[PDB]
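Below: one structure, written as structure tokens.
Each answer follows from the model by the rule given with it, or from the source it names; no laboratory read-out is quoted. Please note: Cβ atoms are built from the backbone with ideal geometry, for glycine as well, and neighbour counts cover all protein chains shown.
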Amino acid sequence: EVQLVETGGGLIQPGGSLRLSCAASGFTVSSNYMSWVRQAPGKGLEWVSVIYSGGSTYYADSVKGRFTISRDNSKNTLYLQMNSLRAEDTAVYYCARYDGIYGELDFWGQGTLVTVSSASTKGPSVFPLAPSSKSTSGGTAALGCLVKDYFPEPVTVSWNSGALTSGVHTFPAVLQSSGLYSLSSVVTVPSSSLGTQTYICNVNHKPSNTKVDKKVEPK
Amino acid sequence: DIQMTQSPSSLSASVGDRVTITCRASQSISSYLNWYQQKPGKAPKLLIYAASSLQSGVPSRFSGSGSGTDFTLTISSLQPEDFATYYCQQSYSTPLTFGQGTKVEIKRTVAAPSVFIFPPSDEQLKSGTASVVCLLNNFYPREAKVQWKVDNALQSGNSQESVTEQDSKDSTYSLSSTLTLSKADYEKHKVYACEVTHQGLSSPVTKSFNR
């Protein structure tokens, strides 16, 4: 079955350059129309670039002369070489298989986030949100992890190394006055399990290479 | 250079409702018009290609209609998982343009929040800042008032709110409010209260603890 795996995103200084890769499975990149599409955070979809099979390339007016779309047939991979990056270029970038006929984007990569900023990378502080009587609702209790003061987006949180998936709320991040992000991940469990079961949140923040596992227990 | 205008830009409808979204092109584009469903933090999924043709494995409740300048996407019978932003996109001519999107929200019956409160951990007070967390669990609608009180003193401009995306089975939201105070301000007060006003509550509900 078809896949598109994207890599290359992350934090990059203004005026710098970054390359995105997109590795296709289950179809030939060489004989297919191919596209990059981006989405600024909380905004709409914006077309970046198309490469025709047979190698014609077309670019959005905001990227023309700065960005190059290419492919490596051997690796079945699509590339977007980006240059002279600006805050405006901050977005999740998507590769998508075009149709070449009805011009439709029928298959998409998972996306990768490109943050254009001069601000420094900072790893998250991870504090527990301890379950108590102020967290219990009859046979049911909530506990969590405050993931504070980090840059840039995103963080991934899991509970018991992906073993606890039921009743998890991981909140969108907020931008503090300090220019750093903060978020909480809470989970509601049965209250009768509070003394027999161990609860660990698994915070991961890839741009700073931090990996914090934190134990949450009653107080 | 061909502009796509969608209406409405925001829609709120219940399970079982027929949902109808409009997309208008600034100039004729035949049948080169596609529709995408994007759940947030995910790639747009193609729903309809060539105005009226369903994509592979897209439920028959989705369907498209039109040719020229006026197009409609229809969800014949809305389902809880169908909350997303829906885009139309013309492929008649370069550059590919998208419409601005229609955000579809699922209307459900009222559901009051469960209110929980978390005192700042000991470990955090090590580094000289205190974060107090109020949680409003599984409620509808989205709008809630969360007032923080410290020894009865109403707080202003030192709390931030975040709201989860809609639960895909029951359509409710959760909300966290975080109060940030310095360790100095935290240790010089006793009663920390979260007060919650919501449509599903007959009267405001207050959760608090003592330091």
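Can residue A:192 be described as more than 9 Å from chain B (Cβ to nearest Cβ) and out of contact with any strand residue (DSSP E or B) (no Cβ under 8 Å at 6 or more places or on another chain)? When the stated conditions are applied, residue A:192 passes them. Only residues that are facing chain A (nearest Cβ under 9 Å) and among the hydrophobic types (A, V, I, L, M, F, W, C) were counted across segment B:106-121, and they come to 3.
The residue list A:24, A:87 contains one member that is closer than 25 Å to residue B:101 by Cβ and in contact with a strand residue (DSSP E or B) (Cβ under 7 Å, 6 or more places away or on another chain), which is A:87. The set of residues in segment B:99-118 being closer than 19 Å to residue B:65 by Cβ and hydrophobic (A, V, I, L, M, F, W, C) consists of B:104 alone. Kindly indicate whether any position in segment B:67-76 is within 12 Å of another protein chain (Cβ to nearest Cβ), among the charged types (D, E, K, R) and out of contact with any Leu (no Cβ under 8 Å at 6 or more places or on another chain). So far as segment B:67-76 goes, no, none of its residues is within 12 Å of another protein chain (Cβ to nearest Cβ), among the charged types (D, E, K, R) and out of contact with any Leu (no Cβ under 8 Å at 6 or more places or on another chain). If you check residue A:29 against the conditions, is it of a type in the set (A, V, I, L, M), in contact (Cβ under 8 Å) with a residue 40 or more places away in the chain, assigned to a loop (DSSP other than H, G, I, E, B) and touching a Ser or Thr at 6+ places or on another chain (Cβ under 8 Å)? Considered against the rule, which asks whether it is of a type in the set (A, V, I, L, M), in contact (Cβ under 8 Å) with a residue 40 or more places away in the chain, assigned to a loop (DSSP other than H, G, I, E, B) and touching a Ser or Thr at 6+ places or on another chain (Cβ under 8 Å), residue A:29 comes out as yes. None of B:183, B:103 is within 30 Å of residue B:75 (Cα to Cα), within 14 Å of another protein chain (Cβ to nearest Cβ) and not aliphatic (A, V, I, L, M) except B:103.
Taking the criterion of being closer than 17 Å to residue B:211 by Cα and either at the interface with chain A (Cβ under 10 Å from one of its Cβ atoms) or surrounded by fewer than 19 Cβ atoms within 10 Å (Cβ to Cβ) (or both), the residues of segment B:133-153 that qualify are B:133, B:149, B:151, B:152, B:153. Could you go through segment B:86-95 and let me know if any residue there is in a strand (DSSP E or B), within 16 Å of the chain's Cα centre (by Cα), touching a residue at least 24 places away in the same chain (Cβ under 8 Å) and in the same structural domain as residue B:66 (by CATH). Yes, segment B:86-95 contains at least one residue that is in a strand (DSSP E or B), within 16 Å of the chain's Cα centre (by Cα), touching a residue at least 24 places away in the same chain (Cβ under 8 Å) and in the same structural domain as residue B:66 (by CATH). Close contacts from segment B:148-175, counting a first residue that is in contact (Cβ under 8 Å) with a residue 40 or more places away in the chain and a second that is part of a strand (DSSP E or B) and among the acidic types (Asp, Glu), with Cβ to Cβ under 8 Å and a gap of 6+ residues or different chains, come to B:148/B:195; B:149/B:195; B:166/B:105; B:175/B:161. Only one of the numbered conditions (1) of a type in the set (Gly, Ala, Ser); (2) more than 23 Å from residue A:207 (Cα to Cα); (3) loosely packed, with under 13 Cβ neighbours inside 10 Å is not met by residue A:15, and that is (2). Taking segment A:36-52 as the range and being in a strand (DSSP E or B) and over 17 Å from residue A:68 (Cβ atoms) as the test, the residues that pass are A:39, A:46. Note on segment A:88-196: enclosed strands (runs of 3 or more DSSP E) holding 3 or more residues that are under 30 Å from residue A:3 (Cα atoms) and in the same structural domain as residue A:57 (by CATH) are A:91-97, A:112-116. Filtered by the rule that a residue be under 29 Å from residue A:205 (Cβ atoms) and surrounded by 14 or more Cβ atoms within 10 Å (Cβ to Cβ), segment A:20-42 gives A:20, A:21, A:22, A:23, A:24, A:36, A:37, A:38, A:39, A:40.
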